[PDB]
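Reminder, nothing fancy here: chain letters follow the sequence lines and each chain counts from 1. Atoms within a ligand are numbered from 1 in the order they appear, just like the ligands themselves.
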Amino acid sequence: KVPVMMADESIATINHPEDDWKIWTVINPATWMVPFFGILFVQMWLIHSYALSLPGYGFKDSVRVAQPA
Amino acid sequence: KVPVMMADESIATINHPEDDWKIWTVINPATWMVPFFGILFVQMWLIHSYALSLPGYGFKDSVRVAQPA
Amino acid sequence: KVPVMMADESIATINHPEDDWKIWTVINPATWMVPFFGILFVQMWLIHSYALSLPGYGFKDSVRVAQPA
Amino acid sequence: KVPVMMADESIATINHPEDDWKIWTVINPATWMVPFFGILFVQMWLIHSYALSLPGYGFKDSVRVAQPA
Amino acid sequence: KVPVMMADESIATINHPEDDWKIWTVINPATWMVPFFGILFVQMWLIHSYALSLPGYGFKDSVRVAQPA
Amino acid sequence: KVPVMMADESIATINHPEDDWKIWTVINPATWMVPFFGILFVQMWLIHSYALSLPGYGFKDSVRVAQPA
Amino acid sequence: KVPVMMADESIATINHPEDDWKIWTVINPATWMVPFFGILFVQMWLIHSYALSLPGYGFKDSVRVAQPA
Amino acid sequence: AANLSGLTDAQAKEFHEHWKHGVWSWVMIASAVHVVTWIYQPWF
Amino acid sequence: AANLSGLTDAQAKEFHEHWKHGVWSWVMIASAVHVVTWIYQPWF
Amino acid sequence: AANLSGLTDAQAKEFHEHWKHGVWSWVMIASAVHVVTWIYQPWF
Amino acid sequence: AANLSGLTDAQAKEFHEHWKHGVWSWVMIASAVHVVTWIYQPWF
Amino acid sequence: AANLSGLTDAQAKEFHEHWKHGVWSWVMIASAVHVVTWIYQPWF
Amino acid sequence: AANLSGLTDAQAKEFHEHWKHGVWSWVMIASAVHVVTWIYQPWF
Amino acid sequence: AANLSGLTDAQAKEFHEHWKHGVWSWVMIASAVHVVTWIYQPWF
Ligand code: BCL
Ligand code: BCL
Ligand code: BCL
Ligand SMILES: COC(C)(C)CCC(=O)/C(C)=C/C=C/C(C)=C/C=C/C(C)=C/C=C/C=C(C)/C=C/C=C(C)/C=C/c1ccc(C)c(C)c1C
Ligand SMILES: COC(C)(C)CCC(=O)/C(C)=C/C=C/C(C)=C/C=C/C(C)=C/C=C/C=C(C)/C=C/C=C(C)/C=C/c1ccc(C)c(C)c1C
Ligand SMILES: COC(C)(C)CCC(=O)/C(C)=C/C=C/C(C)=C/C=C/C(C)=C/C=C/C=C(C)/C=C/C=C(C)/C=C/c1ccc(C)c(C)c1C
Ligand SMILES: COC(C)(C)CCC(=O)/C(C)=C/C=C/C(C)=C/C=C/C(C)=C/C=C/C=C(C)/C=C/C=C(C)/C=C/c1ccc(C)c(C)c1C
Ligand SMILES: COC(C)(C)CCC(=O)/C(C)=C/C=C/C(C)=C/C=C/C(C)=C/C=C/C=C(C)/C=C/C=C(C)/C=C/c1ccc(C)c(C)c1C
Ligand SMILES: COC(C)(C)CCC(=O)/C(C)=C/C=C/C(C)=C/C=C/C(C)=C/C=C/C=C(C)/C=C/C=C(C)/C=C/c1ccc(C)c(C)c1C
Ligand SMILES: COC(C)(C)CCC(=O)/C(C)=C/C=C/C(C)=C/C=C/C(C)=C/C=C/C=C(C)/C=C/C=C(C)/C=C/c1ccc(C)c(C)c1C
Ligand SMILES: COC(C)(C)CCC(=O)/C(C)=C/C=C/C(C)=C/C=C/C(C)=C/C=C/C=C(C)/C=C/C=C(C)\C=C\c1ccc(C)c(C)c1C
Ligand SMILES: COC(C)(C)CCC(=O)/C(C)=C/C=C/C(C)=C/C=C/C(C)=C/C=C/C=C(C)/C=C/C=C(C)\C=C\c1ccc(C)c(C)c1C
Ligand SMILES: COC(C)(C)CCC(=O)/C(C)=C/C=C/C(C)=C/C=C/C(C)=C/C=C/C=C(C)/C=C/C=C(C)\C=C\c1ccc(C)c(C)c1C
């Protein structure tokens with residue numbers, strides 16, 4: 001797709017869903033992508049703190065329910 | 001635009017909206033811009049914590065409303 | 001296994017449980033994997049904070065029980 | 001300006017408002033200044049947390065006022 | 001010891017308590033191990049926050065007891 | 001000054017207020033000192049959080065006093 | 001001193017209070033020791049938060065006592 | 001032509017194949033877990 | 001003339017085209033989500 | 001063919017053997033501790 | 001004379017021109033927003 | 001054979017001797033302090 | 001003699017002059033602000 | 001013999017002299033401040 005972009009000058013057309021893979025000509029995944037995975041881990045932790053704080057999710061109210069050992 | 005700047009000496013004129021792209025002559029995006037994206041992720045998380053804490057937004061008061069499964 | 005992937009083009013087949021070990025052709029473990037172990041340590045600390053906050057786990061209610069010294 | 005400095009020895013005179021630009025002979029802005037911008041972002045976030053916590057600022061008491069949609 | 005491992009292929013035998021020292025063929029301690037010591041410091045701080053929060057430990061209830069000066 | 005130091009062996013005398021400047025033979029300020037300035041920024045933020053939490057300082061009790069606009 | 005160590009093999013004797021200085025054959029202080037000083041700063045901040053939270057220390061209860069200006 | 005990442009265009013395309021595999025696996029598993037969580041409790 | 005980033009002026013301009021694309025996409029999507037959020041609740 | 005990590009395929013496979021050993025040891029010990037914790041208290 | 005940053009004096013002065021531009025733009029916009037905030041509420 | 005850390009096997013073994021010394025010193029001192037803490041208060 | 005920082009002794013002394021300038025400026029301004037804060041409220 | 005830090009044994013010993021100076025200065029000042037704090041209030 002080619003979306004309209006706020007003072008693009010049109011020598012280089014973007015068309016991006018097709019022109020992904022081209023980010024990897026700037027971002028070297030051997031040096032990044034473990035840092036990006038760390039970002040994803042932080043996102044995971046934050047969304048989990050939020051969701052576990054919501055009523056009913058997680059184990060804050062269910063520690064002893066049934067089928068014990 | 002050329003804004004007045006507090007002890008500029010006028011050999012180099014700035015005119016910047018046009019002279020963006022020139023920041024990339026100092027900032028190498030192959031080494032930055034994943035760090036900058038991490039900054040943007042932190043901003044995203046902080047503005048979300050704030051907004052979700054505001055009354056009515058998010059899911060703190062809507063966990064069981066309707067159309068359940 | 002070969003799972004269906006959202007706009008893969010099929011020159012390179014993935015088959016991944018077998019084609020692990022290949023991540024180490026991008027991720028150099030001499031530069032990573034201490035950072036990844038730090039990520040694992042952060043995960044460990046967060047899951048422990050959560051679990052220790054759950055009723056009955058840890059030592060918040062058991063500091064003096066029996067067999068003292 | 002030349003301010004008096006606590007055991008300066010006077011071979012090198014400082015005169016600094018004029019002798020800025022000279023910090024960039026030690027600090028390479030290609031390696032710094034994205035980190036410094038990250039510092040500025042942290043400052044921005046902290047001063048915003050503080051200001052938004054002050055009574056009347058931000059949107060903690062104004063979520064539904066008027067002109068709704 | 002040689003423990004059974006989930007899709008090991010047995011050309012390289014592990015036998016690890018003896019084959020420690022071999023981690024240092026991947027982890028260069030000149031670049032790591034100050035970072036690992038920082039991890040250990042974080043662990044130290046977290047376990048101390050926890051322990052000091054437990055009743056009786058630390059000095060939260062003992063600031064003025066006896067033998068003063 | 002030469003202070004007594006706990007198992008110094010006296011080939012190298014220290015005399016340090018004079019032998020500062022010598023730390024910069026170990027610490028390269030082109031690679032550090034932006035990190036050290038970040039440390040100073042963290043110190044600044046922490047001492048400010050503390051001081052602003054003390055009664056009377058900052059603007060927590062003075063948001064609307066006088067001379068308004 | 002030579003302490004007994006859990007599966008040392010005795011070709012290299014340790015004797016360490018004397019064989020400090022040898023850590024600096026692994027840890028290059030030009031690359032570390034500003035990071036280690038940052039660790040020390042974090043320790044300083046944490047022990048100060050703790051101590052200032054203890055009753056009587058710091059200035060939480062003494063903001064206006066006497067000799068004012 | 002001396003790309004900024006140091007990767008050739010062919011390397012970039014091959015890596016992107018692997019990256020798309022990772023992204024889609026993560027997306028699909030997350031979608032499954034979301035469906036299960038919604039069945040358990042809708043959260044709106 | 002040996003720019004500090006190691007990029008040529010042409011590389012810098014091409015990258016800036018890509019960066020402006022990213023910035024504007026992010027801005028436009030954020031604007032849409034803001035309009036939707038305001039419709040749901042104005043927050044002032 | 002000049003892998004991005006700088007590892008050869010043989011180095012990568014050998015390392016993966018070691019990594020799988022680490023992963024499985026961690027998984028098995030965690031499973032044991034989980035069984036013990038569940039016996040002590042099920043948490044659901 | 002082989003400056004520690006690897007920048008020449010001319011590079012340093014040119015960069016400082018750009019940096020002063022950035023600093024002053026940030027200062028002026030912050031001052032405007034402060035005046036507006038004070039008009040809204042003085043905070044002392 | 002060009003180890004990933006850049007250490008030879010002999011360097012690795014010598015370092016591991018030093019590392020085991022550090023680990024065991026830390027373990028033994030921690031054990032002593034734990035015994036003392038338990039004597040003071042058992043925490044279970 | 002190949003200092004660890006890569007700085008010569010002359011470079012180190014010149015830098016230390018600049019560093020002492022920075023340190024003393026920071027100290028003096030902080031002292032002024034402290035005197036003003038104490039006048040406003042002594043905090044002990 | 002090509003130490004891992006890149007320091008010679010002589011460099012290491014000289015640095016350790018400086019490091020011991022720093023450590024002992026920090027220890028002694030901390031001890032003084034502790035004695036003063038204990039005099040003010042013992043904390044046990
Ligand atoms: C709030 C209600 C539920 C809850 C609802 C959800 C929902 C909803 C979701 C999860 C998802 C996840 N949950 Mg949860 N979850 C809860 C409680 C838990 C508990 C716990 C201690 O109780 C644990 C251990 C987890 C664990 C997890 C993770 C395995 C997973 C996120 C990983 C991820 O995104 O990696 C991101 C990837 C990386 C950081 C990089 C790779 C890291 C390694 C390799 C990941 C391995 C495992 C992963 C599944 C593999 C994906 C394939 C890719 C090829 C990497 N949940 C509570 C009880 N959980 C999310 C998910 O994404 O599942 C896929 C998700 O959508
Ligand atoms: C909430 C109820 C229980 C509790 C329930 C659980 C449960 C449930 C689990 C643990 C597990 C762990 N618990 Mg706990 N635990 C509690 C209280 C404690 C206390 C304490 C002060 O009271 C301590 C010190 C610990 C300590 C630990 C860790 C040893 C371990 C996680 C390590 C890890 O994942 O490394 C991840 C690996 C790394 C970061 C990299 C390597 C780091 C070093 C080498 C690790 C050495 C030790 C480790 C066991 C070795 C694994 C082998 C691999 C080859 C590395 N627990 C409370 C009382 N604990 C978890 C575990 O994974 O056990 C394996 C686990 O599943
Ligand atoms: C909760 C009840 C007790 C308590 C119970 C415990 C228990 C229980 C333990 C400690 C241990 C420690 N306690 Mg405590 N402790 C309390 C209050 C304090 C206070 C304080 C201000 O009141 C201080 C300063 C300390 C300080 C310390 C540390 C010296 C030590 C952890 C260091 C470590 O693991 O390094 C990890 C190593 C590194 C990060 C790398 C090296 C860093 C430098 C070189 C460490 C120097 C000192 C160290 C002892 C040397 C070990 C030898 C190795 C060769 C490095 N405790 C309260 C009052 N404390 C723990 C310990 O491990 O002791 C060994 C421990 O087991
Ligand atoms: C926080 O929540 C709040 C605040 C409470 C609420 C708000 C909140 O929630 C918010 C705002 C959330 C925002 C979330 C956003 C923006 C998420 C963005 C996610 C993205 C971009 C994910 C990308 C994943 C990408 C992935 C997995 C890619 C994986 C790739 C892999 C494994 C390739 C390996 C491989 C394997 C083998 C071989 C041989 C090779 C070569 C490779 C490369
Ligand atoms: C926190 O909130 C509080 C505290 C509660 C409240 C306060 C609060 O909220 C505050 C203060 C907020 C402040 C916010 C600020 C300052 C935001 C600044 C944002 C900026 C500068 C964004 C820049 C985005 C820039 C973007 C997306 C750029 C994306 C570029 C992309 C993808 C290019 C790829 C590509 C793709 C293909 C190819 C081939 C190539 C070459 C490239 C490069
Ligand atoms: C936070 O919780 C909440 C928020 C409260 C609740 C939510 C919550 O909980 C969540 C979401 C949890 C999510 C958890 C996830 C995703 C976990 C992912 C874990 C992974 C991928 C672990 C990998 C371990 C991998 C391991 C151990 C590998 C170890 C390898 C080792 C030692 C090799 C050495 C060696 C030894 C000798 C030699 C000679 C050589 C060469 C090597 C290499
Ligand atoms: C936290 O609050 C509390 C704790 C609640 C309360 C306390 C509190 O608040 C405190 C204590 C606050 C303290 C604040 C302090 C000290 C602030 C210091 C700020 C400084 C030094 C800002 C410098 C900005 C500098 C700037 C923007 C510079 C921008 C430069 C730019 C863009 C150049 C580009 C470019 C563009 C094009 C080209 C071609 C080139 C070459 C360049 C370089
Ligand atoms: C947080 O708590 C909660 C969350 C509240 C509760 C939960 C909780 O608690 C948890 C989960 C805790 C988990 C803890 C874990 C996993 C700990 C793992 C610890 C390890 C692996 C320690 C390794 C130490 C290793 C050490 C000291 C090694 C030291 C080596 C040294 C000095 C060598 C020098 C030298 C000296 C001289 C010379 C000449 C040379 C060459 C060398 C090298
Ligand atoms: C947190 O609080 C609690 C926890 C609530 C309470 C406790 C608390 O508060 C505590 C414990 C506080 C502890 C504080 C401590 C230890 C502070 C240590 C401070 C130091 C060492 C400052 C050094 C500053 C050093 C400075 C400014 C140096 C600046 C140098 C500059 C600009 C040179 C440029 C230049 C300029 C031009 C040219 C041409 C060149 C070449 C150069 C180099
Ligand atoms: C947090 O608290 C809780 C959680 C509330 C409670 C718990 C708590 O409290 C705990 C657990 C505390 C644990 C504390 C521990 C482990 C502390 C370890 C401290 C160490 C190892 C300090 C080392 C200092 C080392 C120092 C100063 C060395 C300084 C060296 C210097 C300046 C050399 C310069 C120079 C100068 C000139 C020249 C020419 C040269 C060449 C050099 C090198
Ligand atoms: C690098 O890229 C990243 C960081 C990696 C990410 C991408 C990124 O950077 C993006 C997306 C950036 C967007 C940037 C924008 C949107 C930048 C917008 C900048 C603007 C709007 C500047 C305005 C300046 C105004 C001035 C200067 C006015 C002065 C007025 C007076 C009255 C001055 C007064 C005055 C002057 C001189 C003297 C002597 C005196 C006494 C006075 C009073
Ligand atoms: C590098 O750039 C970044 C970091 C990347 C970002 C950009 C950045 O850096 C920016 C934007 C910077 C802005 C910097 C500014 C605004 C700097 C302003 C500096 C000022 C105002 C200094 C003032 C000094 C005053 C003195 C020193 C007074 C001494 C007085 C006495 C009375 C001294 C007494 C005395 C003297 C000697 C003796 C012996 C004794 C006994 C005494 C008592
Ligand atoms: C690098 O720069 C950065 C980090 C990047 C930033 C800039 C920076 O570093 C700045 C600004 C630094 C400022 C530093 C200052 C202000 C440093 C001040 C240092 C001082 C005041 C040291 C004092 C030492 C005192 C001693 C050692 C006393 C010993 C006494 C006894 C009684 C010893 C007893 C004793 C001795 C031996 C034996 C054997 C025994 C048994 C005993 C009991």
Notebook entry, point to check: Is the closest N or O pair between H:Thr37 and ligand 1 shorter than 3.5 Å?
Noted result: no
Next item on the list: Using distance alone, determine whether H:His34 and ligand 1 share an N or O pair under 3.5 Å.
Entry: yes
Any protein heavy atom < 4.0 Å from [atom]:
atom                    : answer
atom 4 (C) of ligand 1  : no
atom 46 (C) of ligand 1 : no
atom 7 (C) of ligand 1  : yes
atom 23 (C) of ligand 1 : no
atom 55 (C) of ligand 2 : no
atom 20 (C) of ligand 1 : no
atom 31 (C) of ligand 1 : yes

Checklist line | Nearest option to atom 6 (C) of ligand 12, as decided by whichever heavy atom of F:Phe37, D:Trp24, D:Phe36 sits closest | finding: D:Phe36
Next item on the list: Have a look at M:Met28, K:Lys20, M:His21 and point out the one with the heavy atom closest to atom 28 (C) of ligand 12.
Entry: M:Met28
Notebook entry, point to check: How are the rings of C:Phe36 and A:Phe41 set to each other: parallel, tilted or perpendicular (split at 30° and 60°)?
Noted result: perpendicular
Notebook entry, point to check: Going by the order shown, which atoms of ligand 2 are within less than 4.0 Å of some heavy atom of C:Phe59?
Noted result: 22 (O)
Checklist line | Ligand-residue contact atoms, ligand 2 with C:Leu40, heavy atoms, under 4.0 Å | finding: 39 (C)
Item checked: Test item, J:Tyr40 contacting ligand 2 (heavy atom, 4.0 angstrom) -> no
Margin query: Heavy-atom distances under 4.0 Å decide this one: backbone, side chain, both or neither, for E:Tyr50 against ligand 2?
Written below: neither
Notebook entry, point to check: Side chain, backbone, both or neither: which part of E:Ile47 has a heavy atom under 4.0 Å from ligand 2?
Noted result: side chain
Notebook entry, point to check: What is the nearest protein non-hydrogen atom to atom 37 (C) of ligand 1, stated with its residue, atom name and distance?
Noted result: H:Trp26 CD1, 4.0 Å
Notebook entry, point to check: Among protein heavy atoms, which sits nearest to atom 7 (C) of ligand 12, and what does the distance come to when rounded to 0.1 Å?
Noted result: K:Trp19 NE1, 3.3 Å
Next item on the list: Indicate, as side chain, backbone, both or neither, the part of D:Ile23 found under 4.0 angstrom from ligand 12 when only non-hydrogen atoms are considered.
Entry: side chain
Notebook entry, point to check: Which bit of D:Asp20 gets closer than 4.0 Å to ligand 12, counting heavy atoms only: side chain, backbone, both or neither?
Noted result: neither
Check: Under 2.8 Å from atom 14 (Mg) of ligand 2, which protein atoms of type N, O or S occur, listed by chain and number?
Finding: C:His48 NE2
Checklist line | Residues H:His18 and H:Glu14: side-chain donor-acceptor under 3.5 angstrom | finding: yes
Item checked: Pair C:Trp21, J:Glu17: side-chain N/O donor-acceptor within cut-off below 3.5 Å -> no
Checklist line | Pair listing, salt bridge (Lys or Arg N to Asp or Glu O under 4.0 Å) test, anchored in residues 11-33 of chain D, at least two apart | finding: D:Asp19-D:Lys22
Checklist line | Side chains of D:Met33 and D:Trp24 in contact at under 4.5 Å (non-hydrogen atoms) | finding: no
Next item on the list: Would you indicate whether the side-chain heavy atoms of B:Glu9 and K:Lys13 approach each other to under 4.5 Å?
Entry: no
Item checked: Euclidean distance, D:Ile23 CD1 relative to D:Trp32 CH2, rounded to 0.5 Å -> 12.5 Å
Item checked: ligand 1 atoms in contact with H:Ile29 (distance to a heavy atom under 4.0 Å) -> 64 (C)
Next item on the list: Say whether D:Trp32 and ligand 12 are in contact under the criterion: heavy-atom distance to a ligand atom below 4.0 Å.
Entry: no
